[PDB]
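Engineer: next one to model:
(5 chains, ligands or ions: 10)
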Amino acid sequence: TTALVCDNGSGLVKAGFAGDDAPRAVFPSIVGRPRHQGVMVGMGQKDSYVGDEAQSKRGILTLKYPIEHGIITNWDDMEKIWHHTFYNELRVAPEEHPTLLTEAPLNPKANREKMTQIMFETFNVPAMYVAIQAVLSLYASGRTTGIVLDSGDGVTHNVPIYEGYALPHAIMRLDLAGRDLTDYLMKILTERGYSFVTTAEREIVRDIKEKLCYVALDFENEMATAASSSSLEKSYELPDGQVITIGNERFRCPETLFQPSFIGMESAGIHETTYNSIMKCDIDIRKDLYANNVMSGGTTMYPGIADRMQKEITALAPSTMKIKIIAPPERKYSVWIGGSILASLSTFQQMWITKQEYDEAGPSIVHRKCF
Amino acid sequence: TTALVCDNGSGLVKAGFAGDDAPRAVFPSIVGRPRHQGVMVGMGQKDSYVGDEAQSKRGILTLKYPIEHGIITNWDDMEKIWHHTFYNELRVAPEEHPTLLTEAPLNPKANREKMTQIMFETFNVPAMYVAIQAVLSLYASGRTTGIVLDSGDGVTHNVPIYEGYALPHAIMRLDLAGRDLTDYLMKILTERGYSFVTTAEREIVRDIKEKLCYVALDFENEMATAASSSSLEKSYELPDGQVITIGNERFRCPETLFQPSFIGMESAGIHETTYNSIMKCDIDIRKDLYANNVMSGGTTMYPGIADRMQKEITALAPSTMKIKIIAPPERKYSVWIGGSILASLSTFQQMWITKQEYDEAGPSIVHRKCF
Amino acid sequence: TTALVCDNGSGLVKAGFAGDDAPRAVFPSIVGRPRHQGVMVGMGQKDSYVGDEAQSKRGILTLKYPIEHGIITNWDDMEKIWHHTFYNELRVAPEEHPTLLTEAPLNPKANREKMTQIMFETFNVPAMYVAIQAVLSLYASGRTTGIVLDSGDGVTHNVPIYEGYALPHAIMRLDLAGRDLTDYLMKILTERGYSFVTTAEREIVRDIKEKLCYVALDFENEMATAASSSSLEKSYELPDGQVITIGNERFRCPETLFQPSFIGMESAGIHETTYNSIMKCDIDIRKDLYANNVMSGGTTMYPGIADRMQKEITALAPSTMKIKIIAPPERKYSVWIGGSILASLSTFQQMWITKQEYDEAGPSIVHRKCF
Amino acid sequence: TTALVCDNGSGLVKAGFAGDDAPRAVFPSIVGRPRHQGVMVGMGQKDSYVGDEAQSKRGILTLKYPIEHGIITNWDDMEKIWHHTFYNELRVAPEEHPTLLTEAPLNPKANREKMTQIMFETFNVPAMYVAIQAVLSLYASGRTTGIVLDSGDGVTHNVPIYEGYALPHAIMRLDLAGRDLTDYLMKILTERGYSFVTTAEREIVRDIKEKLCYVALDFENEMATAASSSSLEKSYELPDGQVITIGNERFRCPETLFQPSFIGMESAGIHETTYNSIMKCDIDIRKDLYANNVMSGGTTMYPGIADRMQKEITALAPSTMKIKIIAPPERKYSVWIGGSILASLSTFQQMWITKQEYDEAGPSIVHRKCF
Amino acid sequence: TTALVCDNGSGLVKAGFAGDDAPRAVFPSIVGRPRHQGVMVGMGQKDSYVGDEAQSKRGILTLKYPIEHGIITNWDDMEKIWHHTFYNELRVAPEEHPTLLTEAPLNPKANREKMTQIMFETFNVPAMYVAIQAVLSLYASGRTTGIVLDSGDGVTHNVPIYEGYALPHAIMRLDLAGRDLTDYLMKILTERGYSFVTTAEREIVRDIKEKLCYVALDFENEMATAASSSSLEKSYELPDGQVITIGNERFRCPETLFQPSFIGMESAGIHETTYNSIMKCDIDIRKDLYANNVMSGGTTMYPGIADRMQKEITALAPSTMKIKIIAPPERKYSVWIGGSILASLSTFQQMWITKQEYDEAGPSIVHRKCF
Ligand SMILES: Nc1ncnc2c1ncn2[C@@H]1O[C@H](COP(=O)(O)OP(=O)(O)O)[C@@H](O)[C@H]1O
Ligand SMILES: Nc1ncnc2c1ncn2[C@@H]1O[C@H](COP(=O)(O)OP(=O)(O)O)[C@@H](O)[C@H]1O
Ligand SMILES: Nc1ncnc2c1ncn2[C@@H]1O[C@H](COP(=O)(O)OP(=O)(O)O)[C@@H](O)[C@H]1O
Ligand SMILES: Nc1ncnc2c1ncn2[C@@H]1O[C@H](COP(=O)(O)OP(=O)(O)O)[C@@H](O)[C@H]1O
Ligand SMILES: Nc1ncnc2c1ncn2[C@@H]1O[C@H](COP(=O)(O)OP(=O)(O)O)[C@@H](O)[C@H]1O
Ligand SMILES: [Mg+2]
Ligand SMILES: [Mg+2]
Ligand SMILES: [Mg+2]
Ligand SMILES: [Mg+2]
Ligand SMILES: [Mg+2]
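Structural biologist: Residues are numbered from 1 along each chain as shown, chains lettered A, B, ... in the order given. Ligands and ions are numbered 1, 2, ... in the order given. Shown next is the protein structure:
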């Protein structure tokens, strides 16, 4: 039997089974659809490529993401990704065991409801449960208390947990994430003189970002340093041999998380939203939350981001508040890892929503009871 | 049943059937019409000679090419060539099976349309399909991806294909070909002191070119070498015994492909047009295209042209771009060969345009649907 | 004193002075360089012709554009154009007064920086200021709020302004413009059977486009109309007497602005990019932006393009959004006109970058402070 | 019915019918008119003797040739010869069947025109056709391609034929023939000491020439041989018993064909004119012409003339040109023989010019249409 | 000092000095060599007569032309002509000043090279320059743009010039000229019945041609007119009193320029070659070329040839092409005149090839640098 864990995030989908130590199936949430005219006969083609298929044909296909802002849009294509996932990446038929899904808290309930329908109609799984991503991150860390700053490709959200429970009113979901960082980077690459404009290039730039970008500890002085030094200039060989070289842009990009106004974003900097969430919590627990600032999600994989985060929070907080940030190796996958744990974690058997219950009450009961 | 493949190029027409390994009928696209007065009775003459007939009477007849610049002009004479082809070279009546025709992409649609009419009215073939020459070249090579540099007697064209499809906007057709090389050679033969002026001589010179001309790897220094050496001086015995000897002209002629300005041509050198076509392609695939520079057409049969081509492209491209040129023996006929394949290639049965469909919709539907 | 306004766009350079009502110097951004061998002595020639000189010798000289994609490439030749401009078209020496330059937002900063150097070293102007083209367009219209859809020869860009300010993050620069339309037209003229291939012909075709092309309101049905009517067939007498006649191509050409995929372009149609820019703006102002869709640039001079634009945007927008497009006579020059205004507009004296400041801080300060 | 063939050459007239293998009527083109006073009554005389009549009375009559240089002069006497021919030699009245006449190409059209009148007014033949002598020579040889070197009593002409047609511009008529050879011989016989001065003697000398003269292969050394040897001295018994003996003169006479300057002739040697005619032909066919040097006419009946001709041409031509001369037994009559063939040759019925057509259009139409 | 201009054309050599308004030395390019045996002692003879010497002894000497087809053959005799020219016609020793030579473009470079040697070794001139004949024709006309149709005794060539430069690839040299017209005329004079066969007669016929021949405007109808009218019959008194009368031949002769096939020539008519040359030029300039059809060379001195030329070209060209032919009085000498100008034309001093440079680099540098 066992169970299947599916970290259906944007950008990357991470799948593996209960009790596994690593999301064996890591591939991109991309569907590619033939950008050009079909000359040549017996091409072996199909009007849909997914994951690494789309990657191999990155500059041939129009690449689309089925979801955006943590919201599922192209339901058909999303479904197709799951189909591929289960049958080609995992190679297991739904009915063999229940599936653990996940979502970022505070998102249009239609997502949860429609996924439920799909799971119990397209796939017809034994049972299903959708869990909040942040919560799973703590399960991976093995903590019952802390602040979860979960920031990935899709969205960023901040959850406060304290011996379980979680405090709804202090949960904040910020529409600022990896995709925005990517787009911003392209814009400033134009300033330098590298016209990256295509989606194929958005994807290429994603890699560029991942390889070179880092977080400044003192943005202002490091900017000033860059203005008088070539030491930060790093080269990157594009697919076609076009080596490009990137300077201050290399940290100006991730800096936008701390100064959102750079992309026209109204809200406060990421560290300020963290702080504010903590401010919404009772002073009886604020101290413990300060000592457990769990960071996760792919956008926390920048060099020095934790150090910068500590610095920033320390400045915002009062003296004696021992700001302790938790950001271990492989935190990038902590949500999926937590899922592996929770799914295998005995007691959880009573939480699964059975197909029977779906057939009885329907979608809405999941909306009501599953968290 | 089977099917007939007809490589209706300029200069040479290559015909044979589906599944054949060699265009059994190779003969020139020439119609000869009595240049002189008809004295002598019972001469056994007719006012039209084609192919090898025209060749045997090369200096008696006015020799004309029905097509030029890949465009069909003298429709009547072109038709006559096809008539001869089918009935004397192939010795098969149209209705026995469908015919695969071919054309260079980006040419006045009237060609396609009027050929269609002829095929289904003069010949009344079962079904017909006109395919792009470049595409067929890859079929012969067995590739689904690559750059096709197809340069023959008629025109030169560069097509970029990538797992089929082909990228229209990067297809470039260059009005520079074998006939221009021939004419240029005659002009510089005059410089030497060999007044070649006649069409009979154009044809003779064509052979001369084919026998002696080669591509310099370093034109400048090889020119300088020629200026101080008789080693490149080669003799050629003309039909009437007039042996002629040719020096630097021997490579100055084919050099014009790389420096078109030599004949007053505005456009960039052949390697530059290749490069530019690749530049119009997405950087996601440029690398693969660089590794699959398929050369074909009769004008690529020059000694060292591939080596020169590699050198040139390598200089234009950035480091790491492993410029790999594909130019096998018999590439001269790769288009016809590809036709043999495609015609026999099962699936292609669904592409044939039937006479019924012609009768229903007419010419324009072929223009619209057949590629 | 006064001041000089220089609309240094691609294709056409428009110059005149502050307070003028018409760019007295309108001439093409072309440098011509002798395509052929120099026989004949005392020809009165020089190895560089510009503007109307290049036009008069259009088929003798190799015609090149110093800039492309809004980016300055051949700095030397660009400089030469400015030299000619100031001394022969305007007949005024730099030091007499400051010069207002202009650029399309979001372009490799090296342009701005190097122009700055030239202005204060080759010309040594009193003071200089580079302004965003879109902004100047509104100055001409006399508006403080609106969407500027500026689409000329060089590039197309969409800027959102609202009581001044402008919203950076919603500014989009599209690499699709007049030159692409021209090239596309040539390609489809080949389909018809008019082998336009030369740069001289690119220029001739530019005129052809300007004279005959128009924007369909219902492309599909107008295409269908063309397929059964000669009413759209219009004749054009080429320089050498060759009258040509153009059919559906006449609107298929400009249609590519609305369906970019026709030239292999990844991005969405021009109206969709307009819409999207507005979507990036706050809903508090979107309505006003919808009511002020200012169109400018030479590519908006097509018959019915505004009507088509309205139709398209109206479809994209929700009900009640009174899509109001602003596209007055002479909008083709609105940028230069705006420059005339702004330069004369008192307050602007505090914005000029003085040569002193250049000498003090250098290029980079202009990059930093001038917009 | 059948038809009559009349080889109206100078010197000898050869007549016979279509399909005959030998010109049954061979007699000289001479009219004799009483050189002396008429004493004796009942002499049985008439003031005109022709052919063998003139021969029998050779030293009594003033002997005149009606034509000279291939041109008809004494029309009356020429007519009289034809009268005699038809009625005494052939013994057939004109109206019984059509008559094939012949002429050397490139001669004053008045000949053709006036003969036409005579044929359809004096004789009133059913139909008539005048054919080029050279062409008929090939008909006798059964060739469709070759050089015809036709050299008789009248004139010498060189025609190039290639699968029929014939190439006008390379046809050369040389005013050097048997009569000139005869006269020259008389002049050098005087050098020896044999005062031959009369026309009767011109005729006698003609025989002498025919009996003894031969062509040297190496004139210079054979001359030198003669200068030290009596082996070439040959005796000839004149009518009155006067035996004469001839030495070097025996080959000096025919040598003049190769060195025309000997008689004050401007033009090049016979072999050079042959060569030159071939040079006027396209190099595509020159080789075949070299391999088909058909010689005919009475002046080619000299011993070793073909061998000398080959030697000479071989020297003029380049290596590999297999000079092949065609000069069969009875080539002396090849023109008449060809006539016999052509006249009997079915198809030729469509070429005959009918008396009706003569009566309709008149002389000029023959000039225009008959060749 | 000054300079000497030598129009070394075939047929006539025209010499005079820089700045002169008329080639003071006009005499024929003929060398005469004693056709006959030298009896008489103290004859005052020499074995070489040139120019008017050869003319006075026209029927005594074998007359030869040192050059043919614009190619120098008998170098020795050509040299002798120049010797005579300089010392007897001009009466000036080489070293006094530089000499301007001329040639028709597109001729065996050996001519240029060997002349160079002679000029700087036989004559040892200060400096020398060989210029293209067509170019000089425009200098005489005072034009910087036009088509030069230069047709003389030697050859015919068509050059396209446009504000100097000249377009190599559109230059066409036609091997059809005055000498061919002369020979053809002789051939058709034979048709009439005037056996002109000698070189002395070729020369006489040249005069006949010059005096009577004219160009038909409607050859067909004028031929028909001649066929029914004696109005075109003109008489010419030959040297020996033999008056001859010429009819239709009078215009049939020059007609061959428009219908080359009359002499077995493959190529198109003179007006067609003009047209074709223009077709090879860019459409940007074709119109101006149409408006500047400069005609020169002795063969353009026929009555109505310009009118016929206009008619013909007008038919070939499209409407609106204002075919303007330029053919002034004395255009026969325009090349020499142009030479007079260019040689005196200041700047040209920098073009002269000095004897020093010859001694330094040798012949080949002239081939390379002088045009
Ligand atoms: N090693 C890395 N360095 C920098 N950025 C990264 C790295 N790995 C992933 N990212 C960014 O984080 C995002 C993917 O993280 P992930 O948490 O899987 O997103 P999601 O949870 O929405 O799937 C992408 O936008 C990616 O570019
Ligand atoms: N072996 C060869 N060497 C050099 N040139 C060749 C050779 N074979 C053909 N060519 C040239 O290539 C042309 C014929 O090639 P082909 O591809 O059949 O032309 P097309 O495709 O237009 O029929 C001719 O111009 C010919 O002179
Ligand atoms: N009247 C017109 N009709 C159609 N197209 C035009 C017209 N005028 C200009 N264009 C096109 O617009 C471009 C020139 O406009 P302009 O705005 O001056 O460009 P830029 O701003 O880059 O100088 C050219 O590509 C031109 O062909
Ligand atoms: N057997 C011969 N040997 C030498 N010369 C001959 C012989 N037969 C004929 N001839 C010469 O050739 C001429 C006759 O040949 P023929 O071809 O009949 O002349 P035509 O064609 O003008 O009638 C005469 O001048 C004659 O002397
Ligand atoms: N007045 C004339 N009328 C007709 N033909 C002429 C006249 N003058 C010269 N020609 C012909 O033109 C030729 C001479 O012209 P020219 O241009 O001097 O020749 P080239 O340039 O080769 O010296 C000769 O063949 C001559 O017969
Ligand atoms: Mg996540
Ligand atoms: Mg081909
Ligand atoms: Mg603009
Ligand atoms: Mg004969
Ligand atoms: Mg001349």
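Engineer: and residue A:169, what does it touch?
Structural biologist: Residues counted as contacts of residue A:169 (Cβ atoms under 8 Å, 6 or more residues apart in numbering or on different chains) are residue A:280. In this view, the C-beta of every residue, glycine as well, is placed from N, C-alpha and C.
Engineer: how close does it sit to residue A:155?
Structural biologist: 19 Å (Cβ to Cβ, to the nearest Å).
Engineer: could you pull out the helices for the stretch 201-350 of chain A?
Structural biologist: Taking DSSP state H, counting those that start in this stretch as the criterion, the stretch 201-350 of chain A carries its helices at A:219-226, A:249-255, A:270-279, A:283-290, A:305-316, A:334-344.
Engineer: hey, C-alpha coordinates of the last one in CSV?
Structural biologist: C-alpha atoms of helix A:334-344 as CSV (Å, rounded to 0.1, in the frame of the first residue of the first chain):
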residue,chain,number,x,y,z
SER,A,334,11.6,20.6,3.3
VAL,A,335,7.9,20.7,2.4
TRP,A,336,8.1,17.5,0.4
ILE,A,337,10.2,15.9,3.2
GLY,A,338,7.7,16.9,5.8
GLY,A,339,5.1,15.2,3.5
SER,A,340,7.1,12.0,3.5
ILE,A,341,7.1,12.1,7.3
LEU,A,342,3.5,13.0,7.9
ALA,A,343,2.2,10.5,5.3
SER,A,344,4.2,7.7,7.0
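Engineer: how's chain A carved up into domains?
Structural biologist: Using CATH domains of a matching chain, the domain ranges for chain A come out as A:1-30+A:67-130+A:333-367, A:31-64, A:132-177+A:267-328, A:178-263.
Engineer: how about the second one: buried residues?
Structural biologist: Of the residues in domain A:31-64, those with enough neighbours to count as buried (16 or more other Cβ atoms under 10 Å in any protein chain shown) are A:31-32, A:34-36, A:39-41, A:45, A:48-51, A:53-55, A:57-61, A:63-64.
Engineer: next one: stretch A:212-221
Structural biologist: A:212, A:213, A:214, A:215, A:216, A:219.
Engineer: again with stretch A:201-213
Structural biologist: Using 16+ other Cβ under 10 Å as the test for burial, stretch A:201-213 gives A:201, A:202, A:203, A:204, A:205, A:206, A:208, A:209, A:212, A:213.
Engineer: same thing with stretch A:265-277?
Structural biologist: A:265, A:268, A:269, A:270, A:271, A:273, A:274, A:275, A:277.
Engineer: output those residues as CSV; include the columns distance to ligand 1.
Structural biologist: Listed next are these as CSV, based on distance: Cβ to the nearest ligand atom, whole Å:
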residue, distance to ligand 1
A:265, 17
A:268, 21
A:269, 18
A:270, 14
A:271, 18
A:273, 18
A:274, 17
A:275, 22
A:277, 19
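Engineer: got the buried residues for stretch A:13-20?
Structural biologist: A:13, A:14, A:15, A:16, A:17, A:18, A:20.
Engineer: picking that back up, quick one: closest of the helices of the stretch 201-350 of chain A to residue D:234.
Structural biologist: Closest approach to residue D:234 among the helices of the stretch 201-350 of chain A is made by helix A:249-255 (115.1 Å; Cβ to Cβ).
Engineer: so which elements touch the closest one?
Structural biologist: helix A:178-192, helix A:219-226 (3 or more Cβ pairs under 8 Å, 6 or more residues apart in numbering or on different chains; DSSP states H and E).
Engineer: which other residues reach the shortest one?
Structural biologist: Right, the one you point to is helix A:219-226. A:216, A:231, A:232, A:247, A:248, A:251, A:252, A:255, A:258.
Engineer: contacting residues around the first one?
Structural biologist: In other words, residue A:216. A:222, A:223, A:251, A:254, A:255, A:304, A:308.
Engineer: swap in 6 Å and give it another go.
Structural biologist: A:222, A:251 (Cβ atoms under 6 Å, 6 or more residues apart in numbering or on different chains).
Engineer: ok, now the last one?
Structural biologist: Under the criterion of Cβ under 6 Å, 6+ apart, the neighbours of residue A:258 are A:269, A:270.
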